[PDB]
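Colleague: I need the structure of the sequence given here:
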Amino acid sequence: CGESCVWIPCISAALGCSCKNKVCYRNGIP
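Modeller: Numbers count the residues shown, from 1 in each chain. Find the structure here:
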């Protein structure tokens, strides 16, 4: 969906997708 969220959390990929394991993916898609 986006990318890592180590330093900061995501925005667009926060609601739809989700930040998990230093990645702002929808648990399957970048």
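Colleague: now for the most centrally placed residue in the chain: which residues touch it?
Modeller: Against the mean C-alpha coordinate of the chain, by C-alpha atoms, centre = their mean, the closest residue is residue 24 at 1.1 Å. By C-beta atoms under 8 Å, 6 or more residues apart in numbering, the residues touching residue 24 are 1-5, 9-10, 13-14, 17-18. In this view, the C-beta of every residue, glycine as well, is placed from N, C-alpha and C.
Colleague: tell me how far it lies from residue 5.
Modeller: Per C-beta to C-beta, to the nearest Å, residue 24 is found 5 Å from residue 5.
Colleague: need the overlap of contacts for those two.
Modeller: With C-beta under 8 Å, 6+ apart, residue 24 and residue 5 have common neighbours residue 13.
Colleague: tell me the contacts of the most far-flung residue of the chain relative to its centre?
Modeller: No residue in the chain sits farther from the centre than residue 7, which is 11.9 Å out by C-alpha atoms, centre = their mean. When contacts are counted by C-beta under 8 Å, 6+ apart, residue 7 touches no other residue.
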